[PDB]
Amino acid sequence: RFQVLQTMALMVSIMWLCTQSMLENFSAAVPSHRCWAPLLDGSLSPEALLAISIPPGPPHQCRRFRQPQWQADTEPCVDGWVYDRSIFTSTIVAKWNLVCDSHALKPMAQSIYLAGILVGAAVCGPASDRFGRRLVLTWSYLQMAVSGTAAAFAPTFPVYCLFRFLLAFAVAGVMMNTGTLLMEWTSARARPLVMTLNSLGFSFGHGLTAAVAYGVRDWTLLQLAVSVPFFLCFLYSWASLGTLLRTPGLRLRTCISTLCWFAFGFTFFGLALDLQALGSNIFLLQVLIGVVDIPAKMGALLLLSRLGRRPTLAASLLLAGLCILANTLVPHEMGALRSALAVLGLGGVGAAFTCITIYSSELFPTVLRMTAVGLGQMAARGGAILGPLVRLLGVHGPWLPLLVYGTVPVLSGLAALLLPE
Ligand SMILES: CC(C)(Sc1ccncc1-c1ccc(C#N)c2ccccc12)C(=O)O
Numbered sequence: 015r016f017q018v019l020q021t022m023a024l025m026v027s028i029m030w031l032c033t034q035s036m037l038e039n040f041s042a043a044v045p046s047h048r049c050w051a052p053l054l055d065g066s067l068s069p070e071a072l073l074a075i076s077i078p079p080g081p085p086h087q088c089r090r091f092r093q094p095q096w097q111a112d113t114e115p116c117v118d119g120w121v122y123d124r125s126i127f128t129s130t131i132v133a134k135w136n137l138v139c140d141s142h143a144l145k146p147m148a149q150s151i152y153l154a155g156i157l158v159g160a161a162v163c164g165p166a167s168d169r170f171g172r173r174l175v176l177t178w179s180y181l182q183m184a185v186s187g188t189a190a191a192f193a194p195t196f197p198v199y200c201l202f203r204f205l206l207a208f209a210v211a212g213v214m215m216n217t218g219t220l221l222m223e224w225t226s227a228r229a230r231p232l233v234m235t236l237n238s239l240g241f242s243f244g245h246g247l248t249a250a251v252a253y254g255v256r257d258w259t260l261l262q263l264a265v266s267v268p269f270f271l272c273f274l275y276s277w335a336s337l338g339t340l341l342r343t344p345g346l347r348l349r350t351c352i353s354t355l356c357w358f359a360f361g362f363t364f365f366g367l368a369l370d371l372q373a374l375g376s377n378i379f380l381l382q383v384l385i386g387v388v389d390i391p392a393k394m395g396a397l398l399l400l401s402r403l404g405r406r407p408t409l410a411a412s413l414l415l416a417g418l419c420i421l422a423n424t425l426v427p428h429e430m431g432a433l434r435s436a437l438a439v440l441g442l443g444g445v446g447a448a449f450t451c452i453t454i455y456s457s458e459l460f461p462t463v464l465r466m467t468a469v470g471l472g473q474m475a476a477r478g479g480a481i482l483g484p485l486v487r488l489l490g491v492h493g494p495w496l497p498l499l500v501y502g503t504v505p506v507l508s509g510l511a512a513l514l515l516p517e
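For the sequence shown, the positions run 15 to 55, 65 to 81, 85 to 97, 111 to 277, 335 to 517 when the deposited numbering is used.
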C-alpha cells in the first residue's frame, strides 16, 4: 500500500520533471522571422511587398534592403525582427531576439540548464547524505516551483538563464531523491520493474508536456503552468572512484559503461531538446516520443529479461544511432518518414537508458556499484551539457548535428559489445 502510493506520487513528480526538461523546445521554439522593414510595416501583394523588402533566403532571416528596391544594399536588422505568431504567441527567442547573430544563446540556455542539472546532482549528493533525503526532496520541490515561476517572469535573458540553472539545480536533487527513495523501499529483485516504471513516468511526462504546450501557447504561461504543480508537490510531500579506476580488469567495463551513459545523455538531450529539426510538427513529435517510449521501454525490459543484458543494450544503442543517421540521410521531402525515424531513435535512446540503468548495477561488485553508477550518471550529465552545443555545428549544415548524434550512439553501442555479460 505505502510502496504503491509512494511510487504513484513519484511517478507524478517525474512526469512534471520531464515537463520541466522538455518545455524548452516549446518555450524556446524559433518562429519564422525577418528584419522589421518600414515598407513591410501604393500597397501591393504581401508576397510582392516582402520580395522588395527582404532579400531571398535559402525570406532571408536577418537581412533587409536599405531602401525598398523595385523589381550589396542589404543591411542587418537595424530596427529588430518580426516573428510569426501563428503557432506560439510568445517565446524566449521572440522576446530576447535569440536569432542569427545571437542564435547561440538558445542552445547555450539549454546547456546552462543541463550544467545546472550536473551541479545540482553534485551538491545534492553530499547534501542528501548530510540531511534527510525526504527533506532535501521537499526543498528541491520548493526550489523547482520558485525557480520556474521566476524564470517565467524573467525580464532579461541572463536572469532567465540563471533561474533555469537553479531550476535544474533543484530537478537534479528531485531526481536523485526520487530514485533513492524508490530503491530503498523496493525489493532488490524488483529493481528492473521500478526502473522501467520510472522511465514510463518520464514517457508520460513527454505527452503531458505536449498537451500543456498545445493548450498554453505563451512561454511565460507555459513555464508558470508547468512550474505550479511543484508547489502542490512540495505541499503534500510530507568505495571511491580512485579504487574503481585502480583495479586493472575493471577498466574495460568502467570505460564502456561510462561511454554508454555519456552517449545516452548526449544523444537524448541534444535531440530531445530540439524536435524542430526532427519533424515538422513539434507537438505531434512530442506526443509520439512518449507513445513510442512506452512500448519501446517495455520491449527493452522484455528483451533484457529474455534476450540478455548486454545484447539488449547494444541493440538499443545501435537502433538509436542508425535511426538518427537514416533520418539525417533520407530526403528532407519525406517528412513523415523522417519524423517516424526520429521517434524510433528517441524510443531506442529511452530503451538504452533503461538498459544501462539496469545493467551498470550488475557490471560491478556491490562495493564499487554505487561509485560506478554515480560515475555513469555524471558522464551522462556531462554529455547532456555537450548535447545542445553540437547543434552549433548546424551553421555549416543542419545535417552535421544529426550526424554527430547518430555516430555517437552507434559507436557507443558497438563498444557496448565488449561488456562481460
Ligand atoms: C541526467 C540524466 C540524463 S537523467 C535526466 C535528468 C534530467 N532530466 C531528464 C533526465 C532524463 C532524460 C531521459 C530520460 C529518459 N528516457 C529520463 C528518464 C528518467 C529520468 C530522467 C530522464 C542522467 O541521469 O544521466
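Note that CB positions come from ideal geometry on N, CA and C, so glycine has one too.
Query raised in the report: Distance, Cα to Cα, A249 vs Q97?
Result: Distance between the alpha carbons of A249 and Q97: 44 Å.
Report task. Can you grab the Cα-Cα spacing for the pair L73 / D370, in whole Å? Result -> 29 Å
Query raised in the report: What are the uninterrupted segments assigned as alpha helix (DSSP H) that are 4 or more residues long and contained completely in the segment 402-436, given in chain order?
Result: Counting only runs of 4 or more residues that sit fully inside the segment 402-436, the alpha helix (DSSP H) segments are 405-425, in chain order.
Requested in this report: Pick out whichever of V491, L400, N377 and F196 has its Cα sitting closest to the Cα of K134.
Outcome: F196
**Report entry** Residue burial classification, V491 (beta-carbon count within 10 angstroms, cutoff 16)
**Finding:** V491 is exposed by the Cβ-count criterion.
Query raised in the report: Do the CB positions of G155 and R203 come within less than 9 Å of each other?
Result: yes
Query raised in the report: Hey, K393 and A447: beta-carbon distance below 9 Å or not?
Result: yes
Report task. Specify, as a first and last residue, the run of the alpha helix (DSSP H) that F16 falls within. Result -> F16 to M36
**Report entry** Beta-carbon proximity check, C32 vs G240, cutoff 9 Å
**Finding:** yes
Query - Neighbour-count burial assignment, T453, 16 or more Cβ in a 10 Å radius - result: buried
Requested in this report: Classify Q17 as buried or exposed, calling it buried when 16 or more other Cβ atoms lie within 10 Å of its own Cβ.
Outcome: exposed
Query raised in the report: Could you give the distance in angstroms between the alpha-carbon of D118 and the alpha-carbon of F91?
Result: 12 Å
Query raised in the report: In the structure shown, what three-state DSSP assignment does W120 receive?
Result: strand
Query raised in the report: Is the segment 351-368 close to the segment 470-481, with three or more CB pairs under 8 Å?
Result: yes
Query raised in the report: What is the DSSP secondary structure of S41, counted as helix, strand or coil?
Result: helix
Report task. Pull up the CB-CB distance for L464 and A335, whole angstroms please, since I reckon it's below 8 Å. Result -> 5 Å
Query - Own chain partners of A209 with C-beta closer than 7 Å, once the 5 adjacent residues on each side are dropped - result: Within the same chain, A209 has close Cβ partners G159, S179, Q182, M183 and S186.
Query raised in the report: Where does the unbroken alpha helix (DSSP H) through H47 begin, and where does it stop?
Result: Under the DSSP assignment, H47 falls outside any alpha helix (DSSP H); it carries neither an H nor an E label.
Query - Whole-angstrom distance between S435 and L413, CA atom to CA atom - result: 19 Å
Query raised in the report: Based on Cα-Cα distance, which residue from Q87, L53 and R256 lies nearest to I75?
Result: Answer by Cα proximity: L53.
**Report entry** Pairwise C-alpha distance: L220 and residue 7
**Finding:** Absent from the structure is residue 7, since the part of the chain shown begins at 15 and ends at 517.
Query raised in the report: Bridge partners of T113, per DSSP?
Result: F91
Query raised in the report: Nearest to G171 by CA position, among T130, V198, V213 and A190, is which residue?
Result: Among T130, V198, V213 and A190, the Cα nearest to that of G171 is on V213.
Report task. Assign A480 to buried or exposed, taking buried as 16 or more other Cβ atoms, counted over all protein chains shown, within 10 Å of its Cβ. Result -> buried
Query raised in the report: Taking Cβ positions, are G502 and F365 nearer each other than 9 Å?
Result: no
Query raised in the report: Roughly how many angstroms separate the alpha carbons of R124 and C139, rounded to a whole number?
Result: 18 Å
Report task. Could you check what DSSP says for residue 83 in three-state terms: helix, strand or coil? Result -> Coordinates for residue 83 are absent; the numbering of the chain skips from 81 straight to 85.
Query - Neighbourhood of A410 by C-beta, 7 Å cutoff - its chain only, sequence neighbours within 5 removed - result: Counting only Cβ-Cβ distances below 7 Å, and skipping sequence neighbours, we find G509, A512 and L513.
Query raised in the report: Does any heavy atom of ligand 1 sit closer than 8 Å to the C-beta of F40?
Result: no
Query raised in the report: Looking at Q262 and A43, is the spacing between their C-beta atoms short of 9 Å?
Result: Not in contact: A43 and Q262 (Cβ atoms no closer than 9 Å).
Report task. Have a look at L247, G386, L236 and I420 and flag the residue whose alpha-carbon is nearest the alpha-carbon of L397. Result -> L236
Query raised in the report: How about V486 and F362: are their beta carbons less than 9 Å apart?
Result: yes
Query raised in the report: Whose C-alpha, out of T350, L380 and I352, is nearest the C-alpha of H245?
Result: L380
Query - Cα-Cα separation between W495 and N377, rounded to whole angstroms - result: 19 Å
Query raised in the report: Do you know how far the Cα of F127 is from the Cα of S66?
Result: 28 Å
**Report entry** Contiguous beta strand (DSSP E) assignments of at least 3 residues, all confined to the segment 205-242
**Finding:** none
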